[PDB]
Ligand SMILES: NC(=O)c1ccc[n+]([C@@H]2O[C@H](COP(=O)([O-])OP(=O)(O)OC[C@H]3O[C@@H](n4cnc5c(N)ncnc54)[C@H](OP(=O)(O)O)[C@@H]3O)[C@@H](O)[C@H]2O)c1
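Next comes just one chain, in structure tokens: the form solved without the named molecule.
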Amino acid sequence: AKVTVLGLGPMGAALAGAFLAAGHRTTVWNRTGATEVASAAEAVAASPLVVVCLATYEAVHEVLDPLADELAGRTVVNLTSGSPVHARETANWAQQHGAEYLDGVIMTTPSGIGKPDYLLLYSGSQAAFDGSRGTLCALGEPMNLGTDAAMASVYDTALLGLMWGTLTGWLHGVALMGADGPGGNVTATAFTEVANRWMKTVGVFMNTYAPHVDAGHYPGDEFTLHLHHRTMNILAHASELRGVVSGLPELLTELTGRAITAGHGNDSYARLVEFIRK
């Protein structure tokens, strides 16, 4: 399959190599076995699928706006990182000039491209995703978020916050396990061996609590917010004894405490969405 990569930076060059490794006829172009052309006009003309990874959405428009007429009948997969509004604006512009627009985000570094274990998230034209999915598989596992092009930007930000939340609880537990004391002086590798098994149950919690959020009904069942707050105060006590100062226990008891004061102690953790949202 013919595919054009616009932008051969660290990530861009990784994407072009993934297409070549997967047996695609690849044309490349950079602002600074692949067939490199000297102009973006030539690159766009060489393929019906044009993948874009530029530094900013401003760079995307500076390169693509002069090519407004050349893009009719083509598919534009824009993996550039940017805001939800810029993804929507580029989607509308592409729709104006007759191009199928898929906005995407790469959920790994340049060295993760080509490996099918890393995710790339796309949102926008469904005909583009379905028609291009086999080619996009060269870069990693493709997921279709839906029809709104701006979804990929929001998802990346929301998934990074989930990652940092996980990693901050992990680092807190690592220091907790490493501190001197009875049952302490455990290495981070030993703790993480158990932690990664435990993450299967944490994933079950998230799967259990998402319908709670959507329904506005948060049955506490066997793990009420009373018990969360109860055990969070033990974590804060243990952390103060073992010298672990991460700010997490203060965030958690204050959040649950506000929900308890509101009278929702008999609810599940998902009720706490009402206390971080507007």
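Just count from 1 along the sequence shown to find any residue number.
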query	finding
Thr231 dropped in a third or more of the other entries	no
No coordinates for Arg242 in a third or more of the other PDB entries	no
Unmodelled stretch of the deposited sequence separating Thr32 from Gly33, binned as none, 1 to 3, 4 to 9 or 10 or more	10 or more
Between the two ranges 253-261 and 5-13, the one averaging a larger CA B factor in the entry	5-13
Entry-level comparison of average CA B-factors, 148-156 and 107-115, reporting the higher stretch	107-115
Highest-ranked of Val213, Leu235, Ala41, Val52 once sorted by CA temperature factor in the record	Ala41
From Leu227, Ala59, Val28, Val245, residue of greatest CA B-factor	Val245
Record-listed C-alpha B factor of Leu139: chain third	highest
Where the record places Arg74 (Cα B-factor, split into thirds across the chain)	highest
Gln96 - Cα temperature factor, lowest/middle/highest third of chain	lowest
Among modelled residues of the same chain, the CA temperature factor third for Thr189	lowest
Position of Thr168 among the chain's modelled residues by C-alpha B-factor, lowest, middle or highest third	middle
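Below, we refer to the form deposited with the named molecule bound, which is not included among the displayed structures.
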item	value
Of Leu49, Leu54, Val28, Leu225, the one that lies within 4.5 Å of the named molecule in the deposited bound form (heavy atoms)	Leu54
Residue (of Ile106, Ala94, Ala128, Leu136) lying close to the named molecule in the deposited bound form, criterion heavy atoms within 4.5 Å	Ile106
Interface segment, criterion being heavy atoms within 4.5 Å of the named molecule in the deposited bound form, picked from 250-258, 6-14, 264-272, 20-28	6-14
Touches the named molecule in the deposited bound form: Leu67 (any heavy atom, 4.5 Å)	no
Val213: touches the named molecule in the deposited bound form, heavy atom cutoff 4.5 angstroms	no
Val37 within 4.5 Å of the named molecule in the deposited bound form, heavy atoms	no
Contact flag, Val63 vs the named molecule in the deposited bound form, heavy atom cut 4.5 Å	yes
Check all three, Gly161, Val174 and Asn196, heavy atom within 4.5 Å of the named molecule in the deposited bound form	no
Sequence-ordered residues of 59-83 touching the named molecule in the deposited bound form, heavy atom within 4.5 Å	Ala59, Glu62, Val63, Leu79, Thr80, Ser81
